[PDB]
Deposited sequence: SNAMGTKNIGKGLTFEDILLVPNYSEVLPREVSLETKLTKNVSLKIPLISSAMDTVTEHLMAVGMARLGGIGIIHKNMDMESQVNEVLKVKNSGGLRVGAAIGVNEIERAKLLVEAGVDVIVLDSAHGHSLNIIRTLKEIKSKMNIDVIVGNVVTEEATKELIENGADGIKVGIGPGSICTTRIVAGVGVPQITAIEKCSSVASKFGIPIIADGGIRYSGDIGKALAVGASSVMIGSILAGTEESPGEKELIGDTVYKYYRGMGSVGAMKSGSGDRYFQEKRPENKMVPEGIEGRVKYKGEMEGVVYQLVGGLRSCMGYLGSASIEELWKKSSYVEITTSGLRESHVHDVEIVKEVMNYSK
């Protein structure tokens, strides 16, 4: 078929191959770039969703060396106050999301000391987005991350128009139904590869957004060219997320919903669902495990930093049965 441009791989399709190593998981540097001008101690960002990130989550993230993006599902004043709450909790970095044409919101956020603006849309590669980007860059001084995209052409054009970071991901989210409602998407490993191929030569960080299920996925995302990953579902279950708590049967769940779900849209046909995730308690322990798995990954790959990981990493493509071998098999877990 003439329109077939190749096979796309997701996190589950691959495994990273071990390298000769002289570096322990504990010695690895997880320091990375959020945007061309902003640095992070760990490569973790909490999603801009109303069931994931408000001030409490963003303080937690920043204290752990990562960063939180305050969602835009609220008035400008309430969003500015969330930013101020984080800035008033010490010298802590914080970000905030805006939509297309939201120049006024952007200005007010920047006035409030926000470190990065995340200009996000279901379809980053669009005329309205590029215009908003250009308007912001000419009217205020701040780093702008733009998303969401999955192609080299999208990456190249956004960078040409002033993007300080590029957020990658259409379809891989746990609550996303874009692939089913619209039939559109690119498997996340392939999308990071394609965007990194353009972005890295201009020094522009890729944020891998969506579909992180396990700590092993973080390593994979960074290995193929991401500077950081944005995480929703894994954190929505923690104590510091704004979601409500409901007892289903005997276990407690936190609400977690796409920002393109009918409920999130009430507060276009939906491209996200309203779901539940198991409660996980303090985010600190959750994040510790995530950082733990990534250090372990970099130790296996003999990489003392993310930059080194990019030069040293390789992967094998596996089958669904190879996936069976990867997980736990034939043993009941206690």
- Message: Without any C-alpha position in the structure, which residue ranges of the deposited sequence would you list, numbering from 1?
- Response: 1-4, 272-286, 354-361
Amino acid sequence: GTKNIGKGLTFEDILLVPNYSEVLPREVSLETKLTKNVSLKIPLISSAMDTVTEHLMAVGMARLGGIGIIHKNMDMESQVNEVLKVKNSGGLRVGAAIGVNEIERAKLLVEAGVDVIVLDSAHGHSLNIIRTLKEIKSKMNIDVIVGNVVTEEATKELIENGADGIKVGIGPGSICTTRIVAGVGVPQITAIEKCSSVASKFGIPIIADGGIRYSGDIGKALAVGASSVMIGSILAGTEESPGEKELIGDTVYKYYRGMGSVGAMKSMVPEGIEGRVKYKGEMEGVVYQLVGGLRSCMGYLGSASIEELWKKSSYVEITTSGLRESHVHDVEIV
From here on, numbers count along this sequence of modelled residues.
- Third-or-more of other entries without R179: yes
- Message: Please determine whether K72 lacks coordinates in at least a third of the other PDB entries of this protein that model its flanking residues.
- Response: no
- Task: Check the entry's C-alpha temperature factors for 318-326 and 19-27, then say which stretch has the higher mean.
- Result: 318-326
- Task: Return whichever of 145-153 and 245-253 has the greater mean Cα B factor according to the PDB record.
- Result: 245-253
- Query: Between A221, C195, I129, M76, which one tops the list for C-alpha B-factor in the PDB entry?
  - Reply: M76
- Query: Which listed residue, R213, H125, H71, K137, has the largest C-alpha temperature factor in the record?
  - Reply: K137
- Query: If you rank the chain by CA B-factor, which third does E104 end up in: lowest, middle or highest?
  - Reply: highest
- Cα B factor band for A112 (lowest, middle or highest third within the chain): highest
- Query: C-alpha B factor of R179, ranked within the chain: lowest, middle or highest third?
  - Reply: middle
- Item | Among modelled residues of the same chain, the CA temperature factor third for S39 | highest
- Lowest, middle or highest third - CA B-factor, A62: middle
